[PDB]
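As structure tokens, the structure follows; a few thoughts come after it.
Every residue, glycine among them, receives a Cβ derived from its backbone with ideal geometry; neighbour counts consider all protein chains shown. All of the numbers you see were taken from the coordinates with simple rules; none came from a lab.
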Amino acid sequence: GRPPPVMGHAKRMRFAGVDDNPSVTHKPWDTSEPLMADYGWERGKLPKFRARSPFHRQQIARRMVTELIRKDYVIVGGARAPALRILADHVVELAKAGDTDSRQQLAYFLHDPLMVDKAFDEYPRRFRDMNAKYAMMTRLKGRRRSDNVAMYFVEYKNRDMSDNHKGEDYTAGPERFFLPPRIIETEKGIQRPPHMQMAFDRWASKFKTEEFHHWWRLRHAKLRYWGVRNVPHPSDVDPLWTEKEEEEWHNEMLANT
Amino acid sequence: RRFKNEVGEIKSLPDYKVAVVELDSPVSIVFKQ
Amino acid sequence: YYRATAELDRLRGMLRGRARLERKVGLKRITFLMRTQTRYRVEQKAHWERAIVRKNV
Amino acid sequence: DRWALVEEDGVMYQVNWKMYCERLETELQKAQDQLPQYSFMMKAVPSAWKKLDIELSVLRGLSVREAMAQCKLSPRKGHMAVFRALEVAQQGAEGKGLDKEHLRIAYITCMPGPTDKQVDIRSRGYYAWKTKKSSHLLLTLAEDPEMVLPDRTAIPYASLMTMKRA
Amino acid sequence: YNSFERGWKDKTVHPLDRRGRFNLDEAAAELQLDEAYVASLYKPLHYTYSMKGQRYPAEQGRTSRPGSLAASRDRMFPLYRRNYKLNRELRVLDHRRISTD
Amino acid sequence: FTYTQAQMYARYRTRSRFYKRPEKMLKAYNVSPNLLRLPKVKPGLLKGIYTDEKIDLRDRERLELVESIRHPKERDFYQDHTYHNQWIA
Amino acid sequence: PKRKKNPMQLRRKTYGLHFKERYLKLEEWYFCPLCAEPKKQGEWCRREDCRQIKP
RNA sequence: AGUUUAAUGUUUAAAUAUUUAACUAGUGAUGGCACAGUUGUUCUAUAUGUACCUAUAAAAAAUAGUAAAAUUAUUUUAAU
RNA sequence: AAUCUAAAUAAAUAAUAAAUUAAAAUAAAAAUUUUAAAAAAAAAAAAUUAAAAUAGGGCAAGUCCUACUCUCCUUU
Ligand SMILES: [Mg+2]
Ligand SMILES: [Zn+2]
């Protein structure tokens, strides 16, 4: 009647209209805000995928955004995908604006500085003409073997207008995880921005040692102490990277020779 | 050294005493294949 | 006390589910359902059955 | 010499036994392989019978081209165990001469099998033995002669009621 | 996890600490600190000095199996062999330093 | 169950059997009673359980196939040791 | 549970549309023209062709 | 920041743990070895002396018909 | 507001005479009612079944343990 039929506060449900009514409480019912920690099943909130704490959920929002920017595809699982694609349309809403307010409002959010150095360069060039829906949420078919969580393949939109991921292939992951991704043979004649591909091998440099080949050997002992089925013994885990795989790459840096 | 023979009794060999001697001028053995 | 098992042991074949599988519940059922027939039959079936014949004629 | 009695003319004959059971084991074998069937048992399928078996009764009576499909999709374990057979069994069935295409699943039954006993340690000094269960999987690929393998290349029924009329 | 199926793999090994590739002995030469010692700083102190420590059992290496030879804890983990010169030189008191008579 | 609006007789070898599994008939003095009458033909052919391949996942061959099946969540422990000291005879 | 259940009690379990719809339902599928593998609709591979134009 | 309370836990992560209140100043005391069962020890509560002090361990056939639980073989042939 | 899904996987516990009856109403007869009879007609909650453990009684035979003018040894 004169007061609202259901007074100040009551949680309707998932899948419920706004039913605007005179009230003191504040409801957004709109989420145009970029890089926002408003996780929930309401309208003005992006889907809150499950996590231990709204902090630790924010920590999952960091390493899943800084890994979509780093490599333009992340095979994310479940309610993180609808929660990530809205964070890929925000990063571009952060990378397009450009002002040094935004470049920090992403610097506060990314675990690594080289990313906020990338996101502001390729994306204004890439998405100069696209104005929304920058992330494509294509669902992979085989539900995870570890639980029936679904697996969507959120990838940024057009890469043929990119500068870092020009003609890369993502039909399969890199062989050893420190190896750069396979390239479409029709555009094999592509070179990269140096600051991207000289800082990568700076990172990929630690797995080409033997101290990591010991941490690799070792880890396979942990996963057996914690018994994880199908883990080869650390006695037959011959290294990822090796001297035979050294000779190609030092001679694949013929540019600096 | 210890082990289980195919039968099953733990047949532990006698114990010994590694003694890493340290000669002055190094020694070696050749094996032609 | 002798439960005539070998006289009922092969006749659980026409009881229903749980009685057929297990024996100490299979007998207990039939050695009751049998024990009530031959009590229904001696003292109660006639003065019912001979009333259908009277209701007919 | 042990004799096993067989009747030939209404009277029974004290025929030798070693030659009589070698006539069975060749006949029963020849009376079984000349059939359009292929029975194949996978054992120690690591799953209990309650679970594994109820996920079979969906497959009992399906073409193997369908059974190998309905298996690869469902994330269950029962459907991945049988699909391990339907690629090995038909891999052996095609040797027996059995068709690769027209082959059916006649009987796909679960067989209760070895059950380990694991110690479990409940709270407050009580123990209750968890028994890691394992089953056996009996599978009889039979051959249906006139089975028409239905064409599966149209999106299930997006071919209609989603596409406009005409 | 760019896996699409998590496991003992495709768990991105270091989603931080991007400043990889440290040449310890090379850097240890600049500091003049006994190259064998410096590398020991960067592994759990169980592994180098004579300290009480907890080892995983696979790490211990198995007896000669029918499938695999006797894989000793050393020949699979060389840089984890304790260096008892470096222990004694640093951690234990030598007869010399207290010899009074 | 199953039933496609069709009275297929039921769930075949499944729902009822899993209720009271039959006790195993033990041998007296290791004797099999009717051994001296039944033929010697291999039992694969006697009652009818005649199988072309009895693939056995309890084998060192198929250890890869077993580990292909079990769920990643099905953690198995004591891979590289055993709680009971194996060196006690 | 103050009583054990005969099969006719365990069997009523298998009649509601909860058992049936959870276990005993076949999935509708078809052959992915690109991968030739069985597939459900709305799901695709991790592969350029399967990912640009949804098979 | 490990201890007079309270919540949780209630075959529990625990045959006493999580969180928490209270308390906290020991030159006089978690602690060298020493006392042992008709008995040690006790700032004494019939408390404890190896996870119910009715000590454990060991050896008996104690008693239990004096309302405990049981006591194994159908087709019968004299009653209360 | 927060954290604590379903499903997929692994698979234990108390309890268990049975159930196709269980409901519901009414009388009962020793009892609280439960029966008998008549007459009807998936998930949460704890009203009933034993939702409880175990405390609370008092009686019987048995043993225990403590106490003092009246019973009695081994007694220092
Ligand atoms: Mg009569
Ligand atoms: Zn595909």
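Annotation: of all residues in region D:115-150 being more than 16 Å from RNA strand I (Cβ to nearest atom), outside any loop (DSSP other than H, G, I, E, B) and of a type in the set (A, V, I, L, M, F, W, C), the one that is farthest from residue D:46 (Cα to Cα) is D:142.
Checked against the criterion of being in contact with a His (Cβ under 9 Å, 6 or more places away or on another chain) and of a type outside the set (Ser, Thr, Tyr), region A:170-180 has no qualifying residue. Look at residue D:70 and say whether it is surrounded by 17 or more Cβ atoms within 10 Å (Cβ to Cβ), in contact with a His (Cβ under 8 Å, 6 or more places away or on another chain) and not charged (D, E, K, R). It is true that residue D:70 is surrounded by 17 or more Cβ atoms within 10 Å (Cβ to Cβ), in contact with a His (Cβ under 8 Å, 6 or more places away or on another chain) and not charged (D, E, K, R).
Whether any residue in region F:33-56 is within 16 Å of RNA strand I (Cβ to nearest atom), away from chain E (no Cβ under 14 Å) and either surrounded by 13 or more Cβ atoms within 10 Å (Cβ to Cβ) or closer than 24 Å to residue A:227 by Cβ (or both) is what I want to check. Checked region F:33-56: no residue is within 16 Å of RNA strand I (Cβ to nearest atom), away from chain E (no Cβ under 14 Å) and either surrounded by 13 or more Cβ atoms within 10 Å (Cβ to Cβ) or closer than 24 Å to residue A:227 by Cβ (or both). With a cut-off of at least 3 residues that are more than 15 Å from the chain's Cα centre (by Cα), name the helices (runs of 4 or more DSSP H) lying wholly within region E:1-94. Where helices (runs of 4 or more DSSP H) fall fully within region E:1-94 and carry at least 3 residues being more than 15 Å from the chain's Cα centre (by Cα), they are E:24-31, E:84-91.
Could you tell me whether residue A:108 is under 27 Å from residue E:4 (Cα atoms), of a type in the set (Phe, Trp, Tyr) and away from chain G (no Cβ under 14 Å)? Considered against the rule, which asks whether it is under 27 Å from residue E:4 (Cα atoms), of a type in the set (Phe, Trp, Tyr) and away from chain G (no Cβ under 14 Å), residue A:108 comes out as no. Restrict the check to region C:31-51 and report whether at least one residue is among the basic types (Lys, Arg), surrounded by 11 or more Cβ atoms within 10 Å (Cβ to Cβ) and closer than 29 Å to residue G:9 by Cα. Taking every residue of region C:31-51 in turn, none turns out to be among the basic types (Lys, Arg), surrounded by 11 or more Cβ atoms within 10 Å (Cβ to Cβ) and closer than 29 Å to residue G:9 by Cα.
Of everything listed in (1) in contact with a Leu (Cβ under 8 Å, 6 or more places away or on another chain); (2) more than 9 Å from chain E (Cβ to nearest Cβ); (3) acidic (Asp, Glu), the single unmet condition for residue A:160 is (1). Annotation: of all residues in region A:165-211 being within 13 Å of chain E (Cβ to nearest Cβ) and touching a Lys or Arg at 6+ places or on another chain (Cβ under 6 Å), the one that is surrounded by the fewest Cβ atoms within 10 Å (Cβ to Cβ) is A:171. Just a yes or no: is a residue in region G:25-48 out of contact with any helix residue (DSSP H, G or I) (no Cβ under 6 Å at 6 or more places or on another chain), in a helix (DSSP H, G or I) and within 13 Å of ligand 2 (Cβ to nearest atom)? Checked region G:25-48: at least one residue is out of contact with any helix residue (DSSP H, G or I) (no Cβ under 6 Å at 6 or more places or on another chain), in a helix (DSSP H, G or I) and within 13 Å of ligand 2 (Cβ to nearest atom). Counting the residues of region A:76-101 that are closer than 20 Å to residue A:112 by Cβ and either within 14 Å of another protein chain (Cβ to nearest Cβ) or in contact with a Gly (Cβ under 7 Å, 6 or more places away or on another chain) (or both) gives 3.
Of the residues contained in region C:27-43, none is found to be within 14 Å of chain G (Cβ to nearest Cβ), among the hydrophobic types (A, V, I, L, M, F, W, C) and either closer than 19 Å to residue F:22 by Cβ or within 16 Å of ligand 2 (Cβ to nearest atom) (or both). Of all residues in region G:33-55, those that are more than 7 Å from chain A (Cβ to nearest Cβ) have Cβ atoms under 7 Å from Cβ atoms of residues that are within 16 Å of RNA strand I (Cβ to nearest atom), 6 or more apart or on another chain, in G:38/D:72; G:38/D:73. Anything in region D:7-57 that is within 9 Å of chain F (Cβ to nearest Cβ), more than 30 Å from residue D:76 (Cβ to Cβ) and in contact (Cβ under 8 Å) with a residue 12 or more places away in the chain? List them, or say none. Correct list: D:17, D:18, D:20, D:21, D:33. State whether one or more residues within region D:156-165 are in contact with a helix residue (DSSP H, G or I) (Cβ under 7 Å, 6 or more places away or on another chain), under 30 Å from residue A:144 (Cβ atoms) and aromatic (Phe, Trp, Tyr). No, region D:156-165 contains no residue that is in contact with a helix residue (DSSP H, G or I) (Cβ under 7 Å, 6 or more places away or on another chain), under 30 Å from residue A:144 (Cβ atoms) and aromatic (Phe, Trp, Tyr).
Can you confirm whether region D:107-117 contains a residue that is over 23 Å from residue D:79 (Cβ atoms) and away from ligand 2 (no atom under 16 Å from the Cβ)? Looking through region D:107-117, at least one residue is over 23 Å from residue D:79 (Cβ atoms) and away from ligand 2 (no atom under 16 Å from the Cβ).
In summary, residue G:18 fulfils each of the numbered conditions (1) within 7 Å of another protein chain (Cβ to nearest Cβ); (2) within 20 Å of the chain's Cα centre (by Cα); (3) within 11 Å of RNA strand I (Cβ to nearest atom) with the single exception of condition (1).
So is residue A:34 in a loop (DSSP other than H, G, I, E, B) and away from ligand 2 (no atom under 16 Å from the Cβ) or not? Taking the combined requirement at face value, the residue satisfies it. Taking region C:9-26 as the range and being away from every other protein chain (no Cβ under 14 Å) and within 16 Å of RNA strand H (Cβ to nearest atom) as the test, the residues that pass are C:9, C:10, C:11. Would you mention how many residues in region F:63-82 are more than 11 Å from chain E (Cβ to nearest Cβ), assigned to a helix (DSSP H, G or I) and surrounded by 12 or more Cβ atoms within 10 Å (Cβ to Cβ)? Counting residues in region F:63-82 that are more than 11 Å from chain E (Cβ to nearest Cβ), assigned to a helix (DSSP H, G or I) and surrounded by 12 or more Cβ atoms within 10 Å (Cβ to Cβ) gives 5.
In this structure, is residue C:6 of a type in the set (A, V, I, L, M, F, W, C), more than 16 Å from RNA strand H (Cβ to nearest atom) and either exposed (fewer than 10 other Cβ atoms within 10 Å of the Cβ) or not in a loop (DSSP other than H, G, I, E, B) (or both)? In short, no. The set of residues in region A:221-231 being facing chain E (nearest Cβ under 7 Å) and either surrounded by fewer than 16 Cβ atoms within 10 Å (Cβ to Cβ) or part of a helix (DSSP H, G or I) (or both) consists of A:221, A:222, A:223, A:224, A:225.
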